[PDB]
Amino acid sequence: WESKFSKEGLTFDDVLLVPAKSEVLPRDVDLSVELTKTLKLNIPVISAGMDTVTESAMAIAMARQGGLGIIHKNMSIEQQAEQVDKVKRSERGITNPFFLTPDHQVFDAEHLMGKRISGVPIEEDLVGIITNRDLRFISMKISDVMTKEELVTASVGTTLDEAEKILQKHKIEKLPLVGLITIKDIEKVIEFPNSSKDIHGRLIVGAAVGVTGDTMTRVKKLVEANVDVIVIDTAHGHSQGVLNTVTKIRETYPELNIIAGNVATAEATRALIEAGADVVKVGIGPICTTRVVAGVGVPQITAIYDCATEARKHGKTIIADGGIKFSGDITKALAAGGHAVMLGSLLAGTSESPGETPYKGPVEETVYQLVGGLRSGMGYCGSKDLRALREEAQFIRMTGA
Amino acid sequence: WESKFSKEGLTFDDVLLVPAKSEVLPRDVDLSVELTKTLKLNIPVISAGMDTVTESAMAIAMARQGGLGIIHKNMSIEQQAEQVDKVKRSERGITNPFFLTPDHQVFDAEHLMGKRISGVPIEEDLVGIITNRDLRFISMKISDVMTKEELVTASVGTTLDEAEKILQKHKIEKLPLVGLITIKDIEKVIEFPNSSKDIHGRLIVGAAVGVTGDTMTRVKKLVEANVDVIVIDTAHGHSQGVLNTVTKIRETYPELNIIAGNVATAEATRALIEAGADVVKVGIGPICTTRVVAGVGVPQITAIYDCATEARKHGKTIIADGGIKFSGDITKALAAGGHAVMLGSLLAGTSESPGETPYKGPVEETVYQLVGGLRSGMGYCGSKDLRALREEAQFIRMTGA
Amino acid sequence: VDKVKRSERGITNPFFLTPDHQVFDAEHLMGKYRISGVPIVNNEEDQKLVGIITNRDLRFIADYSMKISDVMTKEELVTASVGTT
Ligand SMILES: Nc1ncnc2c1ncn2[C@@H]1O[C@H](COP(=O)(O)OP(=O)(O)OP(=O)(O)OP(=O)(O)OC[C@H]2O[C@@H](n3cnc4c(N)ncnc43)[C@H](O)[C@@H]2O)[C@@H](O)[C@H]1O
Ligand SMILES: Nc1ncnc2c1ncn2[C@@H]1O[C@H](COP(=O)(O)OP(=O)(O)OP(=O)(O)OP(=O)(O)OC[C@H]2O[C@@H](n3cnc4c(N)ncnc43)[C@H](O)[C@@H]2O)[C@@H](O)[C@H]1O
Ligand SMILES: Nc1ncnc2c1ncn2[C@@H]1O[C@H](COP(=O)(O)OP(=O)(O)OP(=O)(O)OP(=O)(O)OC[C@H]2O[C@@H](n3cnc4c(N)ncnc43)[C@H](O)[C@@H]2O)[C@@H](O)[C@H]1O
Ligand SMILES: [Mg+2]
Ligand SMILES: [Mg+2]
Ligand SMILES: [Mg+2]
């Protein structure tokens, strides 16, 4: 009753980071973060498990840049496991390509192309190939007037080196495997050297789990899809139902990476860790609904710091899921103690975001500017890597002016 | 980790100056400031080394009023040394005047005039003189119908007194030196009694230096141009590259005045002083970019006070480069401990500012109103001179209301 | 007036090159005149068509100065006679 109003809380706009001596330039800063022994990122950015942010396209783009994507749970157990599998199997350089027959018309091909592939190999038991440049000399007509005689095909097992070469020789960008190896397929295997991967070189991916009756079956299929981390995502993780679900999943899958639902106090962070969570996601009402509707909330900087302080007593990790609005907030969120930040609204309108509906272009645009601001902030702070920003950077408290 | 959020920070709008007993009127206040033993100002105002603020025109106007101009570095090493030399050679009362020949047309003269001179003496191996009033009785025609017979010329070495007299006798305002001595040239040698000058009576000037590969060559030519102070200007002076550049310049030119790049902590101020800087420029994110992009910043009043406290332990000087928006902020910035303020945005649109592009008129308009407010503030504080404002004026902390 | 009278000249004088030149040479021509193709002749005198080089050909090469002869299209080279519609 007497300590009812003792606590104080700071948000992003209450603090600024203080410059310190710096021996490193913003570009030479290390942005890698080790969430668990088996979940390492090269940039500390995670796309949220929301149906407006992250499906397989976003998760692949996020992982390609060194981050992580969380497949949302607003889909059936079967679809979500397919989304996870689609990310894990990517960057292999195509066993199931799109196909047509000589009976179809070019109108079928163009629409299959528009829905962004540029080549369609030509029933149940290879005759040709039709591409975009073939469409320039055509007038939907019929697809049998395709590239039928001059067909360059490879064997199944042909190496990428045994390509980028057959292709350069025949000046062709597609190579069917009588499968498919393209030339974008070969070059995207080099364009992303910072790609976050598991120990077998596959792109990492995460999947969202709630606390319902079928989440044990959902986790089962996601684990069977080689998901790298399960995000038990709830509005209040300090509930007993979340704690029990965390423990039941830990005891069933002892080595599975687990991220647990939004909390904002050290006490809740300890409960989630003791239940078996590897990573604690932080953010309770970071004029959002929770504050207006329920009167509940914690200023995010205070939440990050209090939860980070508790989590690193146990050697565990914090994810800052909340009100990041500029690149400078990422620098504050991590310097306050967070190991990685989660984004949703910032990435919701990008090209790799779900649906076609505000358009924001490729998500690489946004992540580049956000990471660029982080690098600039770590330069001012002299932050060698992310632990130095976390453990040593100092803040200055500001009046609102 | 525990002192991560301990520090507090004050900006201009958080404080007000408290009136004290006053024995001096605002007009009898001394505004002189001694930045170094060889860099003294009569007003504590410095125009910033920005390509939108300070070139030779601004530096001459600033020095004429008792201040200082910093030639920006967005030009070649040769141009910048020429800009410095153009300020150092001014107020001599013209060895290289504009010239034409009897073959040219009056259209050539008017355009040479418009680009603000009023007289053009009339090849490689004096025949006439053409002026603005001659143009009233002309119709671009040809320049040979000029003032050719009634030519009043003086010898090289004729004293100003040996003028203001030849001119008053022949009722003419131009006197060629078969060079040029005008009448504005003679009268501007008296109009500016507060002009800040070196020990040889030349207008002081400063030049901007970064930390690149050729800055040692840049400093070499600027020193060869008799620059009074070098401003090593960077976004983060607490970097090791800045410290090394400060030391290398100090060891090469031991008596050269050095102002060092933006810092906002006592620790950085000590580093810059120990590296060899004479004056430390203060201002890191004083909703600017640094705060939004990097999350870094220090409220300027706290920055000035902390850096001034450290600098005067070593007997050195602080320049307040930041968010001054009214004349009252100059009074706060100096009372917080700064020895002089740097301005950029306020002077960017003035007549003496670079280019023709918001127009703000002569820069003497702005500096007069800004200094007028400072004088008024020192009157309220009873500040005899600038040290009394710095060392004795008290502030009151205000809620935002 | 002369510029309009000479607009539709029908190109009788085609801009060509030889296998001796480097691939840079070809990019120069394409980039200078907004042209997408250079026919390659055996010599400056006996202008005899040996090959043609184009941008889609340039795409298949990392920047290189290799002889255009190992780069150009020669095996399935398609021409037409003067006077074809
Ligand atoms: N069926 C499918 N199933 C699954 N995923 C698929 C897919 N098709 C594409 N994808 C995916 O789509 C991604 C996007 O890459 P692409 O769509 O391949 O994009 P690109 O490499 O830039 O091709 P571009 O658009 O330049 O081709 P163009 O017609 O100009 O130039 C192509 C030229 O190649 C020629 N060509 C192709 N095969 C030929 C052959 N056998 N013989 C002769 N010419 C051939 C054509 O005639 C034409 O001139 C791929 O990475 C892949 O993952
Ligand atoms: N060539 C040059 N090179 C470098 N810097 C230059 C320059 N010319 C000017 N400047 C600079 O420009 C600055 C501006 O000063 P000015 O341009 O001289 O401005 P001012 O003194 O106010 O002259 P005003 O505009 O009133 O002259 P007006 O024609 O009415 O009245 C002038 C009268 O003088 C008479 N006059 C001049 N010389 C005469 C002569 N030899 N014999 C007879 N009449 C003569 C004319 O006929 C006319 O009636 C100078 O301070 C100087 O630094
Ligand atoms: N030397 C010259 N002198 C004067 N004016 C000139 C000129 N060259 C061009 N012009 C003028 O410039 C314009 C010609 O260029 P544009 O007509 O404007 O260009 P485009 O064909 O639209 O280019 P694109 O990029 O699609 O073609 P690609 O590389 O795929 O190229 C076609 C594809 O087919 C292949 N190909 C082309 N010809 C071939 C042939 N004979 N045999 C085999 N393959 C051939 C190529 O390898 C490539 O894959 C016209 O105004 C023309 O009059
Ligand atoms: Mg294409
Ligand atoms: Mg006049
Ligand atoms: Mg083409």
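Reference entry: report on the structure contained in this document.

Procedures and definitions
Chain by chain, residues are numbered from 1 following the written sequence, and this numbering need not agree with the entry; no residue without coordinates is displayed. Ligands are numbered from 1 and chains lettered from A, in the order in which they are written. All values in this description refer to the chains shown, which are themselves only part of a larger assembly. Water and hydrogen atoms were dropped before computing side-chain values, which therefore reflect all heavy atoms in the structure. Residues with missing side-chain atoms are left out of burial classes, side-chain pairs and their counts. For the exposure calls, accessible area comes from a 1.4 Å probe over protein chains only, and a residue counts as buried if that area is under 20% of its type's maximum, exposed if over 50%, partly exposed in between. The way it works is that DSSP assigns letters per residue, a run of H or I at least four long becomes a helix, a run of E at least two long becomes a strand, and they are numbered from the N terminus. Any two strands are treated as partners once DSSP identifies two or more bridges connecting them. Angles shown run from 0 to 180 degrees and are taken between the N-to-C directions of axes, each axis being a line fitted to C-alpha atoms and, for helices, limited to the stretch in contact. All copies sit on top of one another after a least-squares fit of their C-alpha atoms. The set of buried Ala, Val, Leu, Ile, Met, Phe, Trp, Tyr and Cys residues whose side-chain atoms join them within 4.5 Å is what this entry labels a nonpolar core. Residues count as neighbours in contact if any of their non-hydrogen atoms are within 4.5 Å of one another. In this description, buried area is defined as the sum, over both parts, of the accessible area (probe of 1.4 Å) that is lost when the two are combined. Should a side-chain nitrogen of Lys or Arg be within 4 Å of a carboxyl oxygen of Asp or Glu, the pair is scored as a salt bridge. Between N or O atoms, a polar contact is any pair within 3.5 Å; within protein, one atom must be a potential hydrogen donor and the other a potential acceptor, and residues adjacent in sequence are included only when both atoms are from side chains. Only the six-membered ring of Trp is used, alongside the rings of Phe and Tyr, when aromatic pairs are assigned; centres must lie within 6.5 Å, and planes under 30 degrees apart are stacked while those over 60 apart are edge-to-face, with the rest tilted. We define proximity as follows: a residue is near a molecule or strand when any one of its heavy atoms falls within 4 Å of that partner. Residue exposure ignores everything except the shown protein chains as possible cover, and the areas themselves are Shrake-Rupley values with a 1.4 Å probe. Here the term charged refers only to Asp, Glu, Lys and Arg, the term nonpolar to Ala, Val, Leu, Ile, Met, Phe, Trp, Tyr, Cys and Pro, and the term polar to all other amino acids, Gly among them.

Looking along a regular strand, one sees side chains alternate from face to face of the sheet. All names here are of chain A. Residue alternation in strand β13 (residues 279-282) divides its side chains into two sets, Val279 and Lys281 and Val280 and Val282, and both sets are buried. Looking at chain direction, strand β12 (residues 257-263) and β13 are connected through 3 bridges and run parallel. The partner of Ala260 across the bridge, within β13, is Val280. Relative to strand β14 (residues 317-321), β13 runs parallel, the two sharing 4 bridges. Looking across to β14, one finds that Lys281 is bridged to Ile319.

What follows deals with the sheet that holds strand β12 (residues 229-232) of chain B. If you walk around this closed barrel you meet the 8 strands as β5-β6-β11-β12-β13-β14-β15-β16 (chain B), and the pairing is parallel. Across the sheet, the mean angle separating the axes of adjacent strands is 25° when strand polarity is ignored.

A word on the relation of the copies chain B and chain A. Superposition of chain B onto chain A requires a rotation of 90° combined with a translation of 0.0 Å along the rotation axis, giving an RMSD of 0.0 Å. The relationship between the two copies is best expressed as a four-fold rotation axis. It is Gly400 of chain B whose C-alpha, among those of chain B, lies nearest the rotation axis, at 5.3 Å.

In this section: the nonpolar core. With 106 residues, the main nonpolar core has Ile46 and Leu389 of chain A together with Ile230 and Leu272 of chain B as its most contacted residues. No other element matches helix α13 (residues 363-381) of chain A, which puts 8 residues into this core. Sequence-distant contacts of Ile46 of chain A, defined by excluding residues within four places in its chain, comprise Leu35, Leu41, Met62, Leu68, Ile70, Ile319, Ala340, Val341, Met342 and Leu343 of chain A.

Chain B puts 32 residues into the contact, and the matching count from chain A is 41 residues. Carbon and sulfur atoms supply 59% of the area buried between chain B and chain A, which totals about 3000 Å² over both sides. Summed over the three residues of chain B that lose the most area to chain A, namely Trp1, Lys4 and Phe5 of chain B, the buried surface amounts to 27% of that side. At the junction of chain B with chain A, the criterion picks out 1 salt bridge. At the junction of chain B with chain A, the criterion picks out 26 residue pairs in polar contact.

On to the packing of aromatic side chains, then. Overall, the coordinates contain 4 aromatic pairs over all chains when judged by the stated rule. With a centroid separation of 4.7 Å and an interplanar angle of 20°, the aromatic rings of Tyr305 of chain A and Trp1 of chain B are classed as stacked. With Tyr305 of chain A in helix α11 (residues 300-313) and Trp1 of chain B in the segment before β1 (7-9), this pair bridges two chains. A relative accessible area of 15% places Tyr305 of chain A in the buried class. On the basis of relative accessible area, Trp1 of chain B is assigned to the partly exposed category, the value being 27%. Ring centres of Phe395 of chain A and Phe5 of chain B lie 4.5 Å apart, and the angle between their planes is 20°; this geometry places the pair in the stacked category. Note that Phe395 of chain A is positioned in strand β16 (residues 395-398) and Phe5 of chain B in the segment before β1, a pairing that runs across two chains. For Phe395 of chain A, a relative accessible area of 1% gives the class buried. Residue classification places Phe5 of chain B among the buried positions, given a relative accessible area of 14%.

Around ligand 3 lies a shell of 17 residues, among which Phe15, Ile35, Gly37, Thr54 and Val78 of chain C are the nearest. Near ligand 3, residues from chains A and C are present, making the site a shared one. A distance of 3.1 Å separates an oxygen atom of ligand 3 from a polar side-chain atom of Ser36 of chain C. One of the backbone nitrogen or oxygen atoms of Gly37 of chain C is found 2.9 Å away from a nitrogen atom of ligand 3. For ligand 3, whose unbound accessible area comes to 1000 Å², protein coverage reaches 58%. Elements that contribute at least two residues to the shell around ligand 3 include exactly β1 (37-41), β2 (49-54) and α3 (55-59) of chain C. A total of 3 residues in the shell around ligand 3 trace back to one element, the largest contributor, which is α3 of chain C. Classifying every residue of the shell around ligand 3 by side-chain character gives 8 nonpolar, 5 polar and 4 charged.

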